[PDB]
2 protein chains.
Amino acid sequence: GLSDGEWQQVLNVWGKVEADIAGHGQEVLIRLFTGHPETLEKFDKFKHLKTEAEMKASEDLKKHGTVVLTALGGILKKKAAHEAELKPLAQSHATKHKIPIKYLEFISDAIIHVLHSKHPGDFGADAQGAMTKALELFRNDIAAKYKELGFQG
Amino acid sequence: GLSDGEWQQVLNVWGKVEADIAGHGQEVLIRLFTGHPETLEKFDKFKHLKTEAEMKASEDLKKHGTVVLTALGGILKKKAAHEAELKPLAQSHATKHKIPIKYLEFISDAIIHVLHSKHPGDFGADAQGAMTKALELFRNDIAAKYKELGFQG
Ligand code: HEM
Ligand code: HEM
Ligand SMILES: [O]
Ligand SMILES: [O]
């Protein structure tokens, strides 16, 4: 994974990308298509482009570069935000508190029971299934961090 | 993963949690500690809590319940946000465009190349290492979505 400073470096350079996203998007697709020409074959609108000059002149290639880097930027920012809250919790629960995954299963059972008890009108079979899935994603994400840290859990 | 309706059900019941986070947190921890007493042994600062009555009377058990459910709520919301960034991209790139992970590796290397070319002063070795790791997490997260959608990328 990334450290806190590494995530901040990713966010910082993406700010520079966004200040000329058209130029960055063009240069990324030109590098991809010149380095790996087979990738051009996926693009009906671009597969005729041979030279860097032709690729630079394509309004459609420039538009697509912006779409790609916008989508990737959103994924990186949301990943960084999730990591910033998940990482410290996995770190403390692995290294200081030493909490096995089975204990996270026990507290997940308690959360599901309490929500069902308190809010049956907002916690029918489907909503309970949804929360069961959400807490399993949470436990699996902690377990993945545990494996990286070498903690058996 | 969860459907959009399933995430809505999770966030709807979490709104009820947030209306009394301390009460929900207390009830979750007392359910956990009464059902699985070995879990209470992990809390050195609750060594004075033996009985259900003592647990209900504890200021700090209730405060800890708030800490736990506040942290969990934040992680669930940030997970949902990142899932929502990945979903449309994994959908189209698995089912319509059929983009192999090797091609995602090629475009990741193109992004690193363009950032090194454009920002050598602000994309040194460490910042490049950070972005290399972030793009690998992106590819791995898409590969996991590919497997869920039944696409061999
Ligand atoms: C960082 C990696 C990538 C990102 C963020 C990305 C993002 C996007 C986005 C947002 C779209 C438009 C909406 C959609 O169809 O999902 C798109 C379309 C597309 N992508 Fe990607 N993509 C990436 C990598 C690739 C690669 C490596 C290829 C092929 C080698 C590829 C091929 C396509 C194709 C063929 C389309 C449809 C183009 C069109 O009909 O206009 N993508 N991509
Ligand atoms: C939904 C699951 C959980 C969440 C969100 C959670 C969250 C937290 C948070 C935010 C803290 C304070 C900051 C920190 O040290 O990381 C904490 C502390 C702690 N957690 Fe957890 N926790 C969870 C499950 C558990 C379980 C199941 C146990 C034990 C069986 C446990 C044992 C502890 C202990 C011993 C501390 C230190 C308490 C203190 O002395 O103040 N956690 N937890
Ligand atoms: O793309
Ligand atoms: O906790």
Side-chain angles (χ1 to χ4, degrees), chain A residues 25 28-29 31-33 35-47 60-61 63-76 85-112 134-135 138-139 141-142 153, chain B residues 25 28-29 31-33 35-47 60-61 63-76 85-112 134-135 138-139 141-142 153:
Chain A
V28 165
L29 292 183
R31 176 60 181 189
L32 175 65
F33 294 153
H36 306 274
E38 68 269 32
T39 62
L40 263 174
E41 290 189 53
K42 286 289 181 177
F43 292 92
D44 182 47
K45 286 166 170 72
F46 312 152
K47 66 175 185 184
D60 287 349
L61 185 151
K63 159 167 71 185
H64 193 65
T66 290
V67 170
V68 170
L69 295 186
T70 299
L72 179 55
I75 293 163
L76 293 175
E85 291 178 49
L86 178 69
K87 280 170 54 186
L89 187 68
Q91 181 74 58
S92 66
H93 285 63
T95 73
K96 182 174 172 93
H97 316 313
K98 297 175 176 65
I99 305 311
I101 294 299
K102 268 184 67 61
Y103 287 13
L104 301 182
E105 291 174 8
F106 297 158
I107 200 174
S108 295
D109 296 340
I111 291 161
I112 293 159
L135 295 179
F138 163 68
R139 293 193 306 277
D141 289 350
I142 296 287
Chain B
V28 165
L29 291 180
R31 183 77 177 188
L32 173 67
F33 295 153
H36 304 274
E38 70 273 27
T39 65
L40 182 53
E41 298 172 4
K42 287 287 178 177
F43 289 86
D44 287 347
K45 79 171 180 184
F46 298 151
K47 279 189 187 300
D60 281 352
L61 184 151
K63 284 182 75 158
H64 192 65
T66 299
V67 165
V68 169
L69 294 187
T70 297
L72 178 57
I75 292 164
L76 292 177
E85 297 287 332
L86 288 178
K87 177 163 192 181
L89 191 68
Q91 181 277 328
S92 64
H93 286 61
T95 74
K96 182 173 175 173
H97 317 313
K98 297 177 190 181
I99 305 310
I101 295 300
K102 269 181 178 294
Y103 285 14
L104 299 185
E105 291 168 357
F106 297 157
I107 199 174
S108 294
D109 288 317
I111 291 162
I112 296 290
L135 294 177
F138 155 71
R139 294 193 303 277
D141 290 349
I142 291 292

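Just so it is clear: chains get the letters A, B, ... in the order the sequence lines come, proteins before strands, and each one is counted from 1. Just so you know, ligand 1 is whichever comes first in the structure, and atom 1 is the first atom listed for that ligand. Computation of the quantities below employed the complete heavy-atom set of this structure, encompassing side-chain atoms and omitting hydrogens, waters and symmetry-equivalent molecules.
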A.B. asks: Is atom 6 (C) of ligand 1 in close reach of the protein, with a heavy atom under 4.0 Å away?
C.D. replies: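 Neighbour list for atom 6 (C) of ligand 1 includes protein heavy atoms (cut-off 4.0 Å).
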
A.B. asks: With a cut-off of 4.0 Å, which atoms of ligand 2 are near a heavy atom of B:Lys45?
C.D. replies: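 Selected atoms, number and element: 39 (C), 40 (O), 41 (O).
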
A.B. asks: What do you think, any protein heavy atom under 4.0 angstrom from atom 40 (O) of ligand 1?
C.D. replies: no

A.B. asks: Let me confirm one number: the NE2-CZ distance from B:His64 to B:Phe46, rounded to the nearest 0.5 Å.
C.D. replies: 6.0 Å

A.B. asks: Over 60° means perpendicular and under 30° means parallel, so tell me whether A:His97 and A:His93 are parallel, tilted or perpendicular.
C.D. replies: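 Perpendicular, since the angle between the ring planes exceeds 60°.
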
A.B. asks: What's within reach of atom 21 (Fe) of ligand 2, meaning protein N/O/S atoms under 2.8 Å?
C.D. replies: A:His93 NE2

A.B. asks: Considering only the protein, which heavy-atom contact is closest to atom 24 (C) of ligand 1, and what is its distance?
C.D. replies: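 The closest one turns out to be B:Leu104 CD2, 3.7 Å.
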
A.B. asks: Atom 13 (C) of ligand 2: protein heavy atom closer than 4.0 Å?
C.D. replies: no

A.B. asks: B:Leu72 vs A:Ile111, test: side chain to side chain contact (heavy atoms under 4.5 Å, CB included). Steps then yes/no.
C.D. replies: CA-CA 11 Å; B:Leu72 178 57; A:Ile111 291 161; 3.6 Å; yes

A.B. asks: Measure the spacing between CG of B:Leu104 and CG of B:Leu89 and express it to the nearest 0.5 Å.
C.D. replies: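 Here the interatomic distance stands at 8.0 Å.
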
A.B. asks: Could you check atom 32 (C) of ligand 1 against the protein and tell me its nearest heavy-atom contact, residue, atom and distance included?
C.D. replies: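 That would be A:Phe43 CZ, 3.3 Å.
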
A.B. asks: So, taking the atom named CD1 in A:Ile75 and the one named CG in B:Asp141, what distance separates them when rounded to the nearest 0.5 Å?
C.D. replies: 9.0 Å

A.B. asks: In Å and rounded to the nearest 0.5 Å, what is the NZ to CZ distance from B:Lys102 to B:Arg139?
C.D. replies: 11.0 Å

A.B. asks: Considering heavy atoms of the protein only, find what lies nearest to atom 27 (C) of ligand 1 and give residue, atom and distance to 0.1 Å.
C.D. replies: B:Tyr103 O, 3.6 Å

A.B. asks: B:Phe33 vs B:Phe43 aromatic rings, parallel, tilted or perpendicular, using cut-offs 30° and 60°?
C.D. replies: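 Plane angle over 60°, so perpendicular.
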
A.B. asks: I'd like to know if the side chain of A:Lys42 reaches the main chain of B:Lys98, judged simply by a donor and an acceptor atom lying under 3.5 Å from each other, with no hydrogens or angles considered.
C.D. replies: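 A pair under 3.5 Å: yes.
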
A.B. asks: I would like to know whether A:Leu32 and B:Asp109 meet side chain to side chain contact (heavy atoms under 4.5 Å, CB included); could you show each step before the answer?
C.D. replies: CA-CA 8 Å; A:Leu32 175 65; B:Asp109 288 317; over 6 Å; no

A.B. asks: What do you reckon, does A:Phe138 put a non-hydrogen atom under 4.0 Å from ligand 2?
C.D. replies: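 It does; at least one heavy atom falls under 4.0 Å.
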
A.B. asks: Would you call A:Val28 and A:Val68 a side-chain contact if the rule is heavy atoms closer than 4.5 Å?
C.D. replies: no

A.B. asks: To which protein heavy atom is atom 2 (C) of ligand 2 closest, and what is the distance rounded to 0.1 Å?
C.D. replies: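 For atom 2 (C) of ligand 2, the nearest protein heavy atom comes out as A:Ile107 CG2, 3.8 Å.
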
A.B. asks: What's the shortest distance from atom 35 (C) of ligand 1 to any protein heavy atom, and which residue and atom give it?
C.D. replies: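 Heavy-atom neighbour on the protein nearest atom 35 (C) of ligand 1: A:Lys42 O, 3.2 Å.
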
A.B. asks: Quick one: closest heavy-atom pair of B:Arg31 and A:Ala110, and the distance?
C.D. replies: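 Result for this residue pair: CG-CB, 3.8 Å.
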
